[PDB]
Amino acid sequence: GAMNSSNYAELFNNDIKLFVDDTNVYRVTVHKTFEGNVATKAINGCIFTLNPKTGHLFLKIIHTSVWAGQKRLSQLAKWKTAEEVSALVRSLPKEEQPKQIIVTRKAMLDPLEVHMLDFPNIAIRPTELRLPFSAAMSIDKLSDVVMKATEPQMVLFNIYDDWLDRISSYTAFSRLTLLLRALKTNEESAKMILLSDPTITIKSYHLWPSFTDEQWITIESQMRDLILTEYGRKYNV
Amino acid sequence: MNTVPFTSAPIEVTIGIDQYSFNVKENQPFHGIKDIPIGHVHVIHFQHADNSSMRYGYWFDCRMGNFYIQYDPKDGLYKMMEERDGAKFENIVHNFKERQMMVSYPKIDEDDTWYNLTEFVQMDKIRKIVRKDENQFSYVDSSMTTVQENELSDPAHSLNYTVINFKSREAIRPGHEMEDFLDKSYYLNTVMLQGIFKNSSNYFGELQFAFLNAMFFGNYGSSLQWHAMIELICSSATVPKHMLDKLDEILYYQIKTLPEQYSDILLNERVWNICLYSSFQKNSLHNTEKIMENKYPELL
Ligand SMILES: CO/N=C1/CCS(=O)(=O)c2ccc(F)cc21
């Protein structure tokens, strides 16, 4: 059934599972027309498909051409997501295929279930958690590859960099969701915290800066402070 | 005109015949129901005064044989039984219809309700949903589950309705996932009508029979089946025009006949609101929409 605070440790057991987030698949800018009406212009998007145990990210870039001449795009986007997720599963070796797929929005359940009928033994699960994966496009290297794409493309990342050499998956996911929650609540301040010092470098093959253990504790504290504040600045407390 | 003769009435019981019903007292002198119209299937059904658990009954057609009821004190129910003989079925009733204690199948001559509820229902199809081939009539009760229910436990006692499942490979063509899930026309017209049912009359027959089992016996799996067969039509963008017109009539008379106090359990809010207001055929069920709104505006 649904995933929530009570069964949180299941994410890090040894059953392969993937989170699928569709919030950045269909992306538009809204603008006025010469005649003073409103129109949308699509921009490139992405499916965020993540193994929370290993950090492996399957970033399927959604090129704007996929919407050309199509109607009801927000509905199509969910089915396109499910089509691509199912294609990814079929492309993986059997021993790499997930035993569960957890969708971050409940509207993905029926489209994914229908596209995965061929996989009766893969459980499609919602979650009650309010995960911050929409903020993936606040990670500069991910945003950069999505916007530069000129055709559909799959790009593979490890969203944890090398962190698993030193910390557990539980701790790595907690750090990731903290960073992404911060980026979502106040991107500019989150990014100042991470990137205010250009000598803490991001390795060419990484997404985040090469913080020592001690610098990660300071960083994480600063992100908590940001989230608590924004929550005041918002509700005035 | 034909008659269903009763050996006796040893236990107090409410007896239904089609949409009619009457109370019989313990050991009341009662030998049957006469004037039963030829040309339609019928159902005769029972609810004991002591145990309202288990409404049960028998679908039958008078053209298929001479049928009577006798109570079994071991199994504790009124049984429909078959007696082939004009030297017995005639020799016994000819005595019973000189002593007048039956009520008329009480059909008002203006009334086409029963025809309208059973237009497409045919005993030969009932006997395939209710498998018991040694009898010409078919027993149903409140508790019998459907094939589809048992997949999700005694098969001999199942209702073998046609399995409909909108999230199944039968329903969804590979490569047409989104198309086929949002427009079920493929599944209705190609899979179900052309493939399984062969024609719309057989489809409507099973739909009508499911409704009647839901109404007369409170059979929950039947109600599920009735709503599934409605929803498959309403969720198809492409339905023959004659089917839509006929479905509107079918549903109108089912809604007309439903007991007003049973709408809470027999009617599925989601299916009806989707069918009448959101679906492809939202504008194609005028008679059904009008009666639903004037009679059950709460559900909507
Ligand atoms: C006393 O009636 N006994 C019986 C059983 C034998 S029968 O089959 O001829 C029969 C037929 C009709 C009936 F209403 C009753 C009976």
Q: Name the residue, out of A:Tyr26, A:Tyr170, A:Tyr205, whose mean-square fluctuation peaks in a Gaussian network model built on chain A with Cα pairs under 10 Å.
A: A:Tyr205
Q: Within the set of other residues whose C-beta is less than 14 Å from the C-beta of B:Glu177, count the net charge using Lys and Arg as +1 and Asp and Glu as -1.
A: -2
Q.
Pick from A:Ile193, A:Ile62, A:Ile167 the residue whose mean-square fluctuation is largest in a GNM of chain A, springs joining Cα atoms under 10 Å.
A. A:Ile167
(Q) What are the extents of the Cα atoms of segment A:164-237 along their three principal axes, in Å, largest first? (A) 40, 28, 19
**Q.** Pairwise centroid distance, computed over Cα atoms, of segment B:184-199 with segment A:99-178, Å
**A.** 39
**Q.** chain A: relative contact order in percent, alpha carbon pairs under 8 Å with at least 6 residues between
**A.** 21
(Q) What does the C-alpha gyration tensor say about the overall shape of chain A? Classify as rounded when a/c is under 1.5, otherwise prolate if a/b is larger than b/c, or oblate. (A) oblate
Q: Report the residue, chosen from A:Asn13, A:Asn44, A:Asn24, that carries the largest GNM mean-square fluctuation when chain A is represented by alpha-carbon nodes joined by springs under 10 Å.
A: A:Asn13
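Add -39500 (n - 2.57) for each DSSP H run of 4 or more in chain B, then divide by its residues: what number comes out at 222 nm, to the nearest 500 deg cm²/dmol?
Calculated at 222 nm, the ellipticity per residue is -9500 deg cm²/dmol.
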(Q) Go through the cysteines of chain B and tell me which have no other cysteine Cβ under 4.7 Å away. (A) B:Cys62
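We did not get these values from a lab; they are worked out from the coordinates using the rules stated. As a convention, Cβ positions derive from the backbone with ideal geometry for all residues, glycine included, and neighbour counts pool all protein chains shown.
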